[PDB]
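Coordinates as given in protein.csv (CSV, C-alpha atoms and all ligand atoms):
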```
chain,number,residue,atom,x,y,z
A,46,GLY,CA,-99.3,-116.5,81.0
A,47,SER,CA,-101.5,-119.5,80.0
A,48,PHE,CA,-101.3,-121.7,76.9
A,49,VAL,CA,-103.7,-124.5,77.6
A,50,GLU,CA,-103.8,-125.7,73.9
A,51,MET,CA,-100.0,-126.5,74.1
A,52,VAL,CA,-99.7,-127.9,77.6
A,53,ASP,CA,-99.0,-131.6,77.7
A,54,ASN,CA,-98.3,-131.8,73.9
A,55,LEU,CA,-95.1,-134.0,74.2
A,56,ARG,CA,-94.6,-137.7,74.7
A,57,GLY,CA,-91.5,-139.9,75.2
A,58,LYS,CA,-88.7,-140.1,77.7
A,59,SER,CA,-85.0,-139.1,78.2
A,60,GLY,CA,-83.5,-142.3,76.8
A,61,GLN,CA,-85.3,-142.2,73.4
A,62,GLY,CA,-86.3,-138.6,73.1
A,63,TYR,CA,-89.4,-136.4,73.5
A,64,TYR,CA,-91.7,-135.8,70.5
A,65,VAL,CA,-94.5,-133.6,69.3
A,66,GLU,CA,-97.2,-134.4,66.7
A,67,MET,CA,-96.9,-132.5,63.4
A,68,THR,CA,-98.6,-132.6,60.0
A,69,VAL,CA,-96.8,-132.2,56.7
A,70,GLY,CA,-98.3,-131.8,53.2
A,71,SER,CA,-101.8,-131.4,51.6
A,72,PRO,CA,-103.8,-133.3,52.6
A,73,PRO,CA,-102.1,-133.4,56.0
A,74,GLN,CA,-99.9,-136.3,56.8
A,75,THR,CA,-99.5,-136.9,60.6
A,76,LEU,CA,-96.0,-137.7,62.0
A,77,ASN,CA,-94.4,-137.8,65.4
A,78,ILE,CA,-91.3,-135.6,65.5
A,79,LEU,CA,-88.4,-135.5,68.0
A,80,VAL,CA,-87.9,-132.1,69.6
A,81,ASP,CA,-84.1,-131.3,69.4
A,82,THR,CA,-82.6,-128.1,70.6
A,83,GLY,CA,-79.1,-129.5,69.6
A,84,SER,CA,-79.6,-129.5,65.8
A,85,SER,CA,-81.2,-127.3,63.1
A,86,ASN,CA,-82.7,-129.5,60.4
A,87,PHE,CA,-86.3,-130.5,60.1
A,88,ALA,CA,-85.9,-134.0,58.7
A,89,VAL,CA,-88.5,-136.7,58.3
A,90,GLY,CA,-88.6,-140.4,57.3
A,91,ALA,CA,-89.7,-140.4,53.6
A,92,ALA,CA,-89.2,-144.0,52.6
A,93,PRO,CA,-89.9,-147.4,54.3
A,94,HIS,CA,-87.6,-148.5,57.2
A,95,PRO,CA,-88.0,-151.5,59.6
A,96,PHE,CA,-88.4,-149.1,62.6
A,97,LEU,CA,-90.8,-146.7,60.9
A,98,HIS,CA,-94.6,-147.3,61.1
A,99,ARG,CA,-95.3,-144.4,58.8
A,100,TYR,CA,-93.4,-141.9,56.7
A,101,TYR,CA,-93.7,-138.7,54.5
A,102,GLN,CA,-95.1,-139.5,51.0
A,103,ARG,CA,-94.1,-136.5,48.9
A,104,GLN,CA,-96.1,-137.8,45.9
A,105,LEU,CA,-99.4,-137.5,47.9
A,106,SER,CA,-98.8,-133.9,48.8
A,107,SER,CA,-100.2,-131.3,46.3
A,108,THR,CA,-98.1,-128.6,48.0
A,109,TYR,CA,-94.7,-130.3,48.0
A,110,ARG,CA,-91.9,-128.4,46.3
A,111,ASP,CA,-88.7,-130.1,45.2
A,112,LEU,CA,-85.5,-128.1,45.9
A,113,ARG,CA,-83.5,-130.6,43.7
A,114,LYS,CA,-80.6,-130.8,46.2
A,115,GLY,CA,-79.3,-133.7,48.3
A,116,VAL,CA,-78.2,-133.5,51.9
A,117,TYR,CA,-75.9,-135.9,53.8
A,118,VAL,CA,-75.8,-135.7,57.6
A,119,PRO,CA,-73.3,-137.9,59.5
A,120,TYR,CA,-73.1,-138.0,63.3
A,121,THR,CA,-70.6,-139.7,65.6
A,122,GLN,CA,-73.0,-142.6,65.8
A,123,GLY,CA,-75.4,-142.9,62.9
A,124,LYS,CA,-76.1,-141.0,59.6
A,125,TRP,CA,-78.8,-140.1,57.2
A,126,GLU,CA,-79.1,-138.9,53.6
A,127,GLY,CA,-82.1,-137.2,52.1
A,128,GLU,CA,-83.6,-134.9,49.5
A,129,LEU,CA,-84.4,-131.3,50.3
A,130,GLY,CA,-87.9,-129.9,49.6
A,131,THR,CA,-90.5,-127.6,51.1
A,132,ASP,CA,-94.1,-128.2,52.1
A,133,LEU,CA,-96.8,-126.8,54.4
A,134,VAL,CA,-96.4,-127.8,58.0
A,135,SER,CA,-98.6,-127.5,61.1
A,136,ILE,CA,-98.4,-128.5,64.8
A,137,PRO,CA,-102.0,-129.7,65.9
A,138,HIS,CA,-101.3,-129.0,69.6
A,139,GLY,CA,-99.4,-125.8,68.8
A,140,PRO,CA,-100.2,-122.4,67.5
A,141,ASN,CA,-103.1,-122.4,65.0
A,142,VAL,CA,-100.9,-121.5,62.0
A,143,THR,CA,-99.6,-123.3,58.9
A,144,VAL,CA,-96.2,-122.4,57.5
A,145,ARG,CA,-94.1,-123.3,54.5
A,146,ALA,CA,-90.9,-124.9,55.8
A,147,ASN,CA,-87.8,-126.7,54.6
A,148,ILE,CA,-88.0,-130.5,55.0
A,149,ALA,CA,-85.3,-133.0,54.4
A,150,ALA,CA,-86.9,-136.2,53.2
A,151,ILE,CA,-84.8,-139.0,54.6
A,152,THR,CA,-84.3,-141.7,52.0
A,153,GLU,CA,-81.5,-143.6,53.6
A,154,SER,CA,-80.2,-143.9,57.1
A,155,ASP,CA,-77.9,-145.9,59.4
A,156,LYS,CA,-78.5,-146.2,63.2
A,157,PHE,CA,-80.6,-143.0,63.2
A,158,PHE,CA,-84.1,-144.2,63.8
A,159,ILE,CA,-84.7,-146.0,67.2
A,160,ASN,CA,-86.8,-149.1,67.4
A,161,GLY,CA,-89.9,-148.4,69.4
A,162,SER,CA,-89.2,-144.6,70.0
A,163,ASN,CA,-92.5,-143.8,68.2
A,164,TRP,CA,-90.9,-140.8,66.3
A,165,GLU,CA,-90.4,-140.6,62.6
A,166,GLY,CA,-88.5,-137.3,62.2
A,167,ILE,CA,-86.5,-134.6,64.0
A,168,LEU,CA,-87.3,-130.9,64.5
A,169,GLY,CA,-84.0,-129.1,64.9
A,170,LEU,CA,-84.8,-126.0,66.9
A,171,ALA,CA,-81.3,-124.5,67.0
A,172,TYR,CA,-79.9,-121.8,64.6
A,173,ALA,CA,-79.0,-121.7,60.9
A,174,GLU,CA,-75.2,-121.7,61.5
A,175,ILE,CA,-75.3,-125.4,62.2
A,176,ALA,CA,-77.9,-126.4,59.6
A,177,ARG,CA,-76.9,-128.9,56.8
A,178,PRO,CA,-75.8,-128.5,54.0
A,179,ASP,CA,-75.2,-124.9,55.0
A,180,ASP,CA,-76.6,-121.9,56.8
A,181,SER,CA,-78.8,-120.9,53.8
A,182,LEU,CA,-81.3,-123.7,54.7
A,183,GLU,CA,-83.7,-121.7,56.9
A,184,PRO,CA,-84.6,-123.8,60.1
A,185,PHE,CA,-88.2,-124.4,61.0
A,186,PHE,CA,-88.5,-122.0,63.8
A,187,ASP,CA,-87.0,-119.1,61.7
A,188,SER,CA,-89.7,-119.9,59.1
A,189,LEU,CA,-92.5,-120.0,61.7
A,190,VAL,CA,-91.5,-116.6,63.1
A,191,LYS,CA,-91.0,-114.9,59.7
A,192,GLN,CA,-94.3,-116.1,58.3
A,193,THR,CA,-96.7,-115.6,61.3
A,194,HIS,CA,-97.2,-113.4,64.4
A,195,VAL,CA,-95.7,-116.1,66.7
A,196,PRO,CA,-93.3,-114.5,69.2
A,197,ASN,CA,-89.6,-115.5,68.8
A,198,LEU,CA,-89.5,-117.7,71.9
A,199,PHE,CA,-90.3,-121.3,72.9
A,200,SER,CA,-90.2,-123.1,76.2
A,201,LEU,CA,-89.8,-126.8,77.2
A,202,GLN,CA,-91.0,-128.8,80.1
A,203,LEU,CA,-89.6,-132.3,79.8
A,204,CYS,CA,-91.2,-134.7,82.3
A,205,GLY,CA,-89.3,-137.7,83.5
A,206,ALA,CA,-91.6,-140.3,85.1
A,207,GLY,CA,-89.1,-141.3,87.8
A,208,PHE,CA,-89.7,-145.0,86.9
A,209,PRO,CA,-89.5,-147.1,83.7
A,210,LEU,CA,-92.3,-146.9,81.0
A,211,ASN,CA,-92.7,-149.6,78.3
A,212,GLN,CA,-93.8,-148.7,74.7
A,213,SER,CA,-97.5,-149.0,75.7
A,214,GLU,CA,-97.1,-146.7,78.8
A,215,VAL,CA,-95.2,-144.0,76.8
A,216,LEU,CA,-98.0,-144.0,74.2
A,217,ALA,CA,-100.6,-143.4,76.9
A,218,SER,CA,-98.6,-141.0,79.1
A,219,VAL,CA,-97.9,-137.2,78.9
A,220,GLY,CA,-94.2,-136.5,78.5
A,221,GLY,CA,-94.2,-132.8,78.9
A,222,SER,CA,-95.0,-129.5,77.1
A,223,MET,CA,-93.5,-127.4,74.3
A,224,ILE,CA,-95.0,-123.9,74.5
A,225,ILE,CA,-94.4,-122.2,71.2
A,226,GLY,CA,-94.5,-118.4,71.4
A,227,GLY,CA,-94.7,-118.1,75.2
A,228,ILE,CA,-94.1,-119.0,78.8
A,229,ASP,CA,-96.8,-120.9,80.7
A,230,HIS,CA,-96.7,-120.1,84.4
A,231,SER,CA,-98.4,-123.4,85.5
A,232,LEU,CA,-95.3,-125.3,84.4
A,233,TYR,CA,-92.8,-124.0,87.1
A,234,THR,CA,-92.5,-122.9,90.7
A,235,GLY,CA,-90.4,-119.9,91.9
A,236,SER,CA,-88.6,-117.5,89.7
A,237,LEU,CA,-87.1,-117.7,86.2
A,238,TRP,CA,-83.4,-116.9,86.1
A,239,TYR,CA,-81.8,-116.1,82.7
A,240,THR,CA,-78.4,-116.8,81.3
A,241,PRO,CA,-77.2,-115.1,78.0
A,242,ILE,CA,-76.9,-117.1,74.8
A,243,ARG,CA,-73.2,-116.6,74.1
A,244,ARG,CA,-73.5,-117.1,70.3
A,245,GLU,CA,-76.5,-118.2,68.2
A,246,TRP,CA,-75.5,-121.5,66.6
A,247,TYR,CA,-76.2,-124.1,69.3
A,248,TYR,CA,-77.9,-122.8,72.4
A,249,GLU,CA,-74.5,-122.0,73.9
A,250,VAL,CA,-74.2,-120.9,77.5
A,251,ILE,CA,-71.4,-120.2,80.0
A,252,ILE,CA,-70.9,-122.3,83.2
A,253,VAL,CA,-68.9,-120.4,85.9
A,254,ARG,CA,-68.7,-122.8,88.9
A,255,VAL,CA,-69.6,-126.5,89.6
A,256,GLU,CA,-70.4,-127.9,93.1
A,257,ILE,CA,-71.1,-131.5,94.3
A,258,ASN,CA,-73.0,-131.3,97.6
A,259,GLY,CA,-71.8,-127.7,98.0
A,260,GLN,CA,-68.1,-128.6,97.5
A,261,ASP,CA,-66.5,-126.6,94.7
A,262,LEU,CA,-65.0,-128.8,92.0
A,263,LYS,CA,-62.3,-126.1,91.9
A,264,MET,CA,-61.3,-126.3,88.2
A,265,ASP,CA,-60.4,-123.4,86.0
A,266,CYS,CA,-63.8,-122.3,84.7
A,267,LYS,CA,-62.7,-122.6,81.1
A,268,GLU,CA,-62.5,-126.3,81.6
A,269,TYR,CA,-66.3,-126.4,82.2
A,270,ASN,CA,-66.9,-124.8,78.7
A,271,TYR,CA,-64.2,-126.6,76.7
A,272,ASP,CA,-64.9,-126.4,73.8
A,273,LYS,CA,-68.5,-125.1,74.4
A,274,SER,CA,-71.4,-125.7,76.8
A,275,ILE,CA,-74.9,-126.2,75.2
A,276,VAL,CA,-78.5,-126.9,76.2
A,277,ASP,CA,-79.6,-130.0,74.2
A,278,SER,CA,-83.0,-131.8,74.5
A,279,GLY,CA,-81.9,-134.4,72.0
A,280,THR,CA,-79.0,-135.7,74.2
A,281,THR,CA,-80.0,-138.1,77.0
A,282,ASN,CA,-77.1,-137.4,79.4
A,283,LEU,CA,-75.4,-134.6,81.2
A,284,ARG,CA,-72.2,-134.8,79.2
A,285,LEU,CA,-69.0,-133.3,80.6
A,286,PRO,CA,-65.6,-132.5,79.0
A,287,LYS,CA,-63.1,-135.4,79.8
A,288,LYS,CA,-61.2,-133.7,82.7
A,289,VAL,CA,-64.4,-132.3,84.3
A,290,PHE,CA,-66.0,-135.7,84.0
A,291,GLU,CA,-63.0,-137.3,85.8
A,292,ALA,CA,-63.1,-134.7,88.6
A,293,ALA,CA,-66.9,-134.9,89.0
A,294,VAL,CA,-67.0,-138.7,89.1
A,295,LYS,CA,-64.2,-138.8,91.7
A,296,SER,CA,-66.3,-136.3,93.8
A,297,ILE,CA,-69.6,-138.2,93.3
A,298,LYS,CA,-67.9,-141.5,94.3
A,299,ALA,CA,-66.4,-139.8,97.4
A,300,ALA,CA,-69.9,-138.5,98.4
A,301,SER,CA,-71.6,-141.8,97.8
A,302,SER,CA,-68.7,-143.9,99.3
A,303,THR,CA,-70.9,-145.7,101.9
A,304,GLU,CA,-71.8,-148.0,99.0
A,305,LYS,CA,-69.4,-149.2,96.4
A,306,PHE,CA,-70.5,-149.4,92.7
A,307,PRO,CA,-68.8,-151.3,89.8
A,308,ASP,CA,-66.7,-149.4,87.3
A,309,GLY,CA,-69.3,-150.2,84.6
A,310,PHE,CA,-72.0,-148.3,86.5
A,311,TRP,CA,-69.8,-145.1,86.6
A,312,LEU,CA,-69.1,-145.7,82.9
A,313,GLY,CA,-72.8,-145.5,82.1
A,314,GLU,CA,-72.8,-149.0,80.8
A,315,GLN,CA,-74.5,-151.1,83.5
A,316,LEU,CA,-77.5,-150.7,85.6
A,317,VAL,CA,-77.7,-151.0,89.4
A,318,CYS,CA,-80.8,-152.2,91.2
A,319,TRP,CA,-82.3,-151.9,94.7
A,320,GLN,CA,-85.2,-153.7,96.3
A,321,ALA,CA,-88.5,-151.9,95.4
A,322,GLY,CA,-88.8,-148.5,97.2
A,323,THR,CA,-85.3,-148.7,98.9
A,324,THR,CA,-83.2,-146.6,96.4
A,325,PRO,CA,-80.8,-144.7,98.8
A,326,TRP,CA,-81.3,-141.3,97.1
A,327,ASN,CA,-79.8,-139.6,100.2
A,328,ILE,CA,-76.3,-141.1,99.7
A,329,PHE,CA,-75.9,-139.5,96.3
A,330,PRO,CA,-74.9,-135.8,96.2
A,331,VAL,CA,-76.8,-132.9,94.6
A,332,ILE,CA,-75.0,-131.2,91.6
A,333,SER,CA,-75.0,-127.4,91.2
A,334,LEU,CA,-74.1,-125.7,87.9
A,335,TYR,CA,-73.6,-121.9,88.2
A,336,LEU,CA,-74.4,-120.0,85.1
A,337,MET,CA,-73.5,-116.5,83.9
A,338,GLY,CA,-76.3,-114.1,84.8
A,339,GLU,CA,-77.7,-111.2,82.8
A,340,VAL,CA,-76.3,-108.5,85.2
A,341,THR,CA,-72.6,-107.7,85.3
A,342,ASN,CA,-70.7,-109.9,87.8
A,343,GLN,CA,-73.8,-111.8,88.8
A,344,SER,CA,-74.4,-115.6,88.5
A,345,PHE,CA,-77.2,-118.0,89.6
A,346,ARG,CA,-77.2,-121.7,90.1
A,347,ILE,CA,-79.4,-124.7,89.1
A,348,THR,CA,-79.2,-127.7,91.4
A,349,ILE,CA,-80.2,-131.2,90.4
A,350,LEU,CA,-80.8,-134.4,92.4
A,351,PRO,CA,-79.8,-138.0,91.8
A,352,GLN,CA,-83.5,-138.4,90.8
A,353,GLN,CA,-82.4,-136.5,87.7
A,354,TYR,CA,-79.0,-138.0,87.0
A,355,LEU,CA,-79.9,-141.6,87.7
A,356,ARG,CA,-82.0,-142.7,84.8
A,357,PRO,CA,-84.7,-145.4,85.5
A,358,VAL,CA,-84.4,-148.5,83.3
A,359,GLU,CA,-86.2,-151.8,83.3
A,360,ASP,CA,-84.5,-154.8,84.9
A,361,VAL,CA,-82.8,-157.4,82.7
A,362,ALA,CA,-85.1,-159.8,84.7
A,364,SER,CA,-88.3,-158.3,88.9
A,365,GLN,CA,-89.9,-155.6,91.1
A,366,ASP,CA,-86.5,-154.0,91.7
A,367,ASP,CA,-86.0,-150.3,91.1
A,368,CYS,CA,-83.1,-150.1,88.6
A,369,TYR,CA,-81.0,-147.2,87.1
A,370,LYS,CA,-78.2,-146.1,84.9
A,371,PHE,CA,-75.8,-143.3,85.7
A,372,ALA,CA,-76.7,-140.5,83.2
A,373,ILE,CA,-73.6,-138.5,83.4
A,374,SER,CA,-70.9,-139.3,80.8
A,375,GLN,CA,-67.8,-137.9,79.1
A,376,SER,CA,-67.7,-135.7,76.0
A,377,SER,CA,-64.9,-134.6,73.7
A,378,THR,CA,-67.2,-131.8,72.3
A,379,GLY,CA,-67.9,-129.8,75.5
A,380,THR,CA,-70.6,-129.8,78.1
A,381,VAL,CA,-74.1,-130.9,77.1
A,382,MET,CA,-77.0,-130.1,79.4
A,383,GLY,CA,-79.2,-133.0,78.1
A,384,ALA,CA,-82.6,-134.3,78.8
A,385,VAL,CA,-81.8,-135.6,82.3
A,386,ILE,CA,-80.8,-132.1,83.4
A,387,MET,CA,-83.7,-130.5,81.5
A,388,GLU,CA,-86.2,-132.8,83.3
A,389,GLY,CA,-85.4,-130.8,86.5
A,390,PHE,CA,-86.4,-127.4,85.0
A,391,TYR,CA,-88.8,-125.5,82.9
A,392,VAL,CA,-86.4,-124.1,80.2
A,393,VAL,CA,-87.3,-120.9,78.3
A,394,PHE,CA,-85.5,-120.4,74.9
A,395,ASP,CA,-85.9,-116.6,74.6
A,396,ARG,CA,-84.4,-116.2,71.2
A,397,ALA,CA,-85.8,-112.6,70.9
A,398,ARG,CA,-83.7,-111.5,73.9
A,399,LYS,CA,-80.8,-113.9,73.3
A,400,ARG,CA,-81.2,-115.6,76.7
A,401,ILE,CA,-82.1,-119.0,78.2
A,402,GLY,CA,-84.3,-119.1,81.3
A,403,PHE,CA,-84.4,-121.8,84.0
A,404,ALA,CA,-87.1,-122.4,86.7
A,405,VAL,CA,-87.8,-125.4,88.9
A,406,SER,CA,-90.1,-127.7,87.0
A,407,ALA,CA,-93.6,-128.4,88.4
A,408,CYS,CA,-93.1,-132.0,87.2
A,409,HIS,CA,-89.5,-132.8,88.5
A,410,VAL,CA,-89.0,-136.0,90.4
A,411,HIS,CA,-87.8,-135.5,94.0
A,412,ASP,CA,-88.2,-136.9,97.6
A,413,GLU,CA,-89.6,-135.5,100.9
A,414,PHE,CA,-86.1,-134.2,101.9
A,415,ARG,CA,-84.6,-132.4,98.8
A,416,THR,CA,-85.9,-130.7,95.7
A,417,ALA,CA,-84.2,-129.3,92.5
A,418,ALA,CA,-83.6,-125.6,92.8
A,419,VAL,CA,-82.8,-122.4,90.9
A,420,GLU,CA,-81.2,-119.8,93.2
A,421,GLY,CA,-79.4,-116.4,93.0
A,422,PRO,CA,-77.8,-114.0,92.8
A,423,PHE,CA,-74.1,-114.7,93.5
A,424,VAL,CA,-71.3,-112.2,93.0
A,425,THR,CA,-69.0,-113.7,90.5
A,426,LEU,CA,-66.1,-111.9,88.8
A,427,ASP,CA,-64.4,-112.3,85.4
A,428,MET,CA,-67.1,-114.5,83.9
A,429,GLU,CA,-66.4,-113.8,80.2
A,430,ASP,CA,-63.0,-115.5,80.8
A,431,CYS,CA,-64.8,-118.8,81.4
A,432,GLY,CA,-65.8,-118.9,77.7
A,433,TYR,CA,-63.5,-120.9,75.4
A,434,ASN,CA,-62.1,-119.3,72.2
A,501,LIG,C1,-79.7,-135.2,65.8
A,501,LIG,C2,-79.2,-135.9,67.0
A,501,LIG,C3,-79.9,-137.2,67.3
A,501,LIG,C4,-80.6,-137.4,68.5
A,501,LIG,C5,-81.2,-138.6,68.8
A,501,LIG,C6,-81.8,-138.9,70.1
A,501,LIG,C7,-82.6,-138.0,70.9
A,501,LIG,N1,-83.0,-138.2,72.1
A,501,LIG,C8,-82.6,-139.3,72.7
A,501,LIG,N2,-81.9,-140.3,72.1
A,501,LIG,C9,-81.5,-140.0,70.8
A,501,LIG,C10,-81.3,-139.6,67.8
A,501,LIG,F1,-81.9,-140.7,68.0
A,501,LIG,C11,-80.7,-139.4,66.6
A,501,LIG,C12,-80.0,-138.2,66.4
A,501,LIG,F2,-79.4,-138.0,65.2
A,501,LIG,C13,-77.7,-136.1,66.9
A,501,LIG,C14,-77.1,-136.6,68.2
A,501,LIG,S1,-77.3,-135.3,69.4
A,501,LIG,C15,-78.8,-134.5,69.0
A,501,LIG,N3,-79.1,-133.4,69.8
A,501,LIG,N4,-79.5,-134.8,68.0
```

Could you write out this structure as structure tokens?
Amino acid sequence: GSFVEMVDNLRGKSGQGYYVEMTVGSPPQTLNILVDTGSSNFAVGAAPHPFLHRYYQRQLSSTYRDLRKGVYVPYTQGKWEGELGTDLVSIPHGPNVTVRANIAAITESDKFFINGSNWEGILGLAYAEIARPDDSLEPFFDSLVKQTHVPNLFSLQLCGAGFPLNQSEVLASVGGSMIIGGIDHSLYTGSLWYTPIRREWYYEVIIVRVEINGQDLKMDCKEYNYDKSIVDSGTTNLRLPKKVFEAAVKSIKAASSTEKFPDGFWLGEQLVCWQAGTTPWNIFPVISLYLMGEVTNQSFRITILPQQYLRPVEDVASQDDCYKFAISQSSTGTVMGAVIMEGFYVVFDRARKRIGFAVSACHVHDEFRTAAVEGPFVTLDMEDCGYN
């Protein structure tokens, strides 16, 4: 019901990530750690870097254990290399428990750390199947549940400000909540609707229908989940498979056609700006994603506003309100990233192999429209939407 100790324990923003304070080692070393449901390694800066103000010093921890094994983790953009070990870990604004967890001590990296993000490591909250070097490296959350009485569930409320924050404002500001071991009813309005976790590797789900202002995108539903659809707090954008991206953008352009925007805007590259307070939210469509429900032949929908998919950014000069388009293409399936998660309180119910969605008590909206979670809808042949 109520988890006051964990409410408001996140800071950050969609563009650079949301992070939680953790301590590692004995005596405790404090570090800020990116909350990432799209990966499964707990990995921390452990050597000086131009963008790190502090790092894990294994030689100062009496409880550090060396696993004598290296790990190399390349991504499409960026990479890091490190040394595997274990140590005692706590989350100060979390459950009052201390656990021994695997930690990859990052000793070298390229384009991984972000200048001014304020985080020094990543907490991969997904499953062992996608851990590096292999699935025998138990992820943090699995350790936490095995070693303590914490229920096998966590929930995330990511709070977008609706306007830009500089590095000073992000430091002073509450970015949201990670509730470990429960669901806090103050963080949402309306009902929670649950979709099954298709397979425990990423948090994989199945999308069964997409609408732009109520108009069906009318693609074969397999296209929406090609080659998977995941919920990922460590990706900024809503990312869509190439063909779905092309269809969706064509439809969003048609809905907003009273104003013409440059190709670079739709490509996610360039900002657009309006005079202060005059952003024409009403010309942009709402986007609905229908998700497989828990009951046979039942779906539900989550609906976001342009206040979610237009990401506020600071002007290159002004008092203008400026934004980038935060929907982009993917060659690795749909990614429901931070700009989608900012609409919703998201419950990662690992114990019951399901993900819940409710309207966020902190989502950005206007006097005419709000984000929504609605159901049920009768939907047939939903398993056929999943890609094999
Ligand atoms: C681990 C990874 C990831 C995320 C962010 C990151 C997080 N939030 C915002 N911007 C960047 C980052 F800065 C570095 C990363 F390696 C791989 C790319 S996708 C993902 N889910 N996690």

- Enumerate as a list in words the residues within 7 Å of ligand LIG 501 (chain A), counting only C-alpha atoms and all ligand atoms.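 Counting only C-alpha atoms and all ligand atoms, the residues within 7 Å of ligand LIG 501 (chain A) come out as residues 59, 60, 61, 62, 63, 79, 81, 82, 83, 84, 120, 123, 157, 158, 159, 277, 278, 279, 280 and 281 of chain A.
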
- Message: Using only C-alpha atoms, can you tell me which of A:356, A:99, A:273, A:230 comes closest to residue A:246?
- Response: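 Under the stated criterion, the closest residue is A:273.
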
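Relative to atom CA of residue A:137, atom CA of residue A:163 is found at 17.2 Å.
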
- Query: Which distance in Å separates atom CA of residue A:395 and atom CA of residue A:239, to one decimal?
  - Reply: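 Going from atom CA of residue A:395 over to atom CA of residue A:239, I get 9.1 Å.
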
- Please indicate the distance in Å from atom CA of residue A:334 to atom CA of residue A:380, rounded to one decimal place.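 That distance, rounded to one decimal, is 11.2 Å.
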
- Task: Go through A:275, A:373, A:344, A:295 one by one, measure the shortest atom-to-atom distance of each to residue A:313 using all atoms listed in the file, and give the residue with the smallest value.
- Result: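 Smallest distance to residue A:313 is found for A:373.
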
Could you build a table of the residues in stretch 346-391 of chain A lying no more than 10 Å from stretch 252-260 of chain A, giving for each the nearest pair of atoms and their separation in Å rounded to one decimal place, using all atoms listed in the file, ordered by chain and ascending residue number, as JSON lines?
```
{"residue": "A:346", "atom": "CA", "partner": "A:254", "partner_atom": "CA", "distance": 8.7}
{"residue": "A:347", "atom": "CA", "partner": "A:255", "partner_atom": "CA", "distance": 10.0}
{"residue": "A:348", "atom": "CA", "partner": "A:256", "partner_atom": "CA", "distance": 9.0}
{"residue": "A:349", "atom": "CA", "partner": "A:257", "partner_atom": "CA", "distance": 9.9}
{"residue": "A:350", "atom": "CA", "partner": "A:258", "partner_atom": "CA", "distance": 9.9}
{"residue": "A:380", "atom": "CA", "partner": "A:252", "partner_atom": "CA", "distance": 9.1}
```

- Query: Got a sec: who's within 9 Å of residue A:200, counting only C-alpha atoms, leaving out chain neighbours fewer than 5 positions off, as a list in words?
  - Reply: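 Surrounding residues, per the criterion: residues 222, 223, 224, 225, 226, 227, 228, 229, 391, 392, 393, 394, 395 and 402 of chain A.
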
- Message: Every residue with an atom at most 12 Å from (-89.8, -115.9, 89.9) (file coordinates; all atoms listed in the file) is what I'm after, so could you write them as a list in words?
- Response: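 Checking each residue against the 12 Å limit leaves residues 230, 233, 234, 235, 236, 237, 238, 239, 391, 402, 403, 404, 405, 418, 419, 420 and 421 of chain A.
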
Export of prior selection with C-alpha atoms as a JSON list (two decimals), in the frame of the given file:
```json
[["chain", "number", "residue", "atom", "x", "y", "z"],
["A", 230, "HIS", "CA", -96.70, -120.10, 84.40],
["A", 233, "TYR", "CA", -92.80, -124.00, 87.10],
["A", 234, "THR", "CA", -92.50, -122.90, 90.70],
["A", 235, "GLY", "CA", -90.40, -119.90, 91.90],
["A", 236, "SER", "CA", -88.60, -117.50, 89.70],
["A", 237, "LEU", "CA", -87.10, -117.70, 86.20],
["A", 238, "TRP", "CA", -83.40, -116.90, 86.10],
["A", 239, "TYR", "CA", -81.80, -116.10, 82.70],
["A", 391, "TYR", "CA", -88.80, -125.50, 82.90],
["A", 402, "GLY", "CA", -84.30, -119.10, 81.30],
["A", 403, "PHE", "CA", -84.40, -121.80, 84.00],
["A", 404, "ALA", "CA", -87.10, -122.40, 86.70],
["A", 405, "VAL", "CA", -87.80, -125.40, 88.90],
["A", 418, "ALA", "CA", -83.60, -125.60, 92.80],
["A", 419, "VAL", "CA", -82.80, -122.40, 90.90],
["A", 420, "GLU", "CA", -81.20, -119.80, 93.20],
["A", 421, "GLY", "CA", -79.40, -116.40, 93.00]]
```

Within 8 Å of residue A:218, counting only C-alpha atoms, which residues qualify if same-chain residues fewer than 3 places away don't, as an mmCIF file with C-alpha atoms, in the coordinates of the input?
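The resulting result_19.cif:
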```cif
data_model
loop_
_atom_site.group_PDB
_atom_site.id
_atom_site.type_symbol
_atom_site.label_atom_id
_atom_site.label_comp_id
_atom_site.auth_asym_id
_atom_site.auth_seq_id
_atom_site.Cartn_x
_atom_site.Cartn_y
_atom_site.Cartn_z
ATOM 1 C CA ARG A 56 -94.600 -137.700 74.700
ATOM 2 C CA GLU A 214 -97.100 -146.700 78.800
ATOM 3 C CA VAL A 215 -95.200 -144.000 76.800
#
```

- May I have the protein, DNA and RNA residues with an atom at most 9 Å from (-83.2, -151.3, 92.2), counting only C-alpha atoms in the file's coordinates, returned as a PyMOL selection string? chain A and resi 316-324+360+365-369

Now that the selection is made, can you save its residues with C-alpha atoms as a compact mmCIF listing (two decimals), keeping the file's coordinate frame?
```txt
# COMPACT_ATOMS: atom_id res chain seq x y z
CA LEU A 316 -77.50 -150.70 85.60
CA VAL A 317 -77.70 -151.00 89.40
CA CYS A 318 -80.80 -152.20 91.20
CA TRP A 319 -82.30 -151.90 94.70
CA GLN A 320 -85.20 -153.70 96.30
CA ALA A 321 -88.50 -151.90 95.40
CA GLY A 322 -88.80 -148.50 97.20
CA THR A 323 -85.30 -148.70 98.90
CA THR A 324 -83.20 -146.60 96.40
CA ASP A 360 -84.50 -154.80 84.90
CA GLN A 365 -89.90 -155.60 91.10
CA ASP A 366 -86.50 -154.00 91.70
CA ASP A 367 -86.00 -150.30 91.10
CA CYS A 368 -83.10 -150.10 88.60
CA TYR A 369 -81.00 -147.20 87.10
```

- Query: Using all atoms listed in the file, which of the listed residues (A:85, A:162, A:213, A:121) sits closest to residue A:176?
  - Reply: A:85
